[PDB]
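Colleague: Okay, here's the structure, questions in a sec.
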Amino acid sequence: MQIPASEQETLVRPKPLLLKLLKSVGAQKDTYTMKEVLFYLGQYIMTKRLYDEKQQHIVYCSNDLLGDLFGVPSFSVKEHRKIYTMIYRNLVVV
Ligand SMILES: O=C1O[C@](O)(Cc2ccc(Cl)cc2)C(c2c[nH]c3cc(Cl)ccc23)=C1Cc1ccc(Cl)cc1
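Quick look at the structure:
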């Protein structure tokens, strides 16, 4: 438990591109909990095959919409606070 329970349930309003991303893997809402956002990101990552083959906890998102949104070419799925930081730039808490 890296992230406070209440923060994980924060109601959030993705910005237009993050929203676009989430809907492209089947999300149907305008607002989400952070847990839900993470669910659809997981789907996105797996379908777009962005995991590194050798280091399966590393996501290579360079040249992908995800990389544009997060502002980085790669990250570790083990660093939740870092991921949250990157996600927060792409939404607003309601
Ligand atoms: O490491 C994971 O792989 C997943 O299976 C898919 C994933 C989601 C988001 C990101 Cl940025 C990277 C990978 C996963 C999950 C997180 N929530 C879930 C809900 C379900 Cl039902 C299944 C998998 C996961 C996790 C857990 C997790 C938890 C918090 C954060 Cl910030 C990032 C990932």
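Per PDB author numbering, residue 17 is the first one in the sequence shown, and the count goes up by one each step. C-beta: ideal position from N, C-alpha, C; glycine also.
1) What residue range is occupied by the uninterrupted beta strand (DSSP E) comprising residue 74?
2) Count the C-beta pairs between the stretch 31 to 39 and the stretch 81 to 89 that are closer than 8 Å, then say yes if the count reaches three, no if not.
3) Using a 10 Å radius around the Cβ and a threshold of 16 neighbouring Cβ atoms, would you call residue 43 buried or exposed?
4) Comparing alpha-carbon positions, which option in 110, 68, 59, 26 lies nearest residue 50?
5) Under 6 Å, CB to any heavy atom of ligand 1. Which residues pass, going along the chain?
6) Going by C-alpha distance, which of 106, 24, 110, 61 is nearest residue 91?
Modeller: Inspection of the coordinates gives the following:
1) On the sequence shown, residue 74 is found 58 positions in, with the first residue counted as 1. Here the beta strand (DSSP E) through residue 74 covers 74 to 76.
2) yes
3) Along the sequence shown, one-based indexing puts residue 43 at 27. Buried: at least 16 other Cβ atoms inside 10 Å.
4) Numbered from 1 along the sequence shown, position 34 holds the residue referred to as residue 50. Looking at the Cα atoms, 26 is the closest of the given residues.
5) 54, 55, 57, 58, 61, 93, 96, 99, 100
6) Against the sequence shown, residue 91 aligns to sequence position 75. Of 106, 24, 110, 61, the residue nearest in Cα terms is 61.
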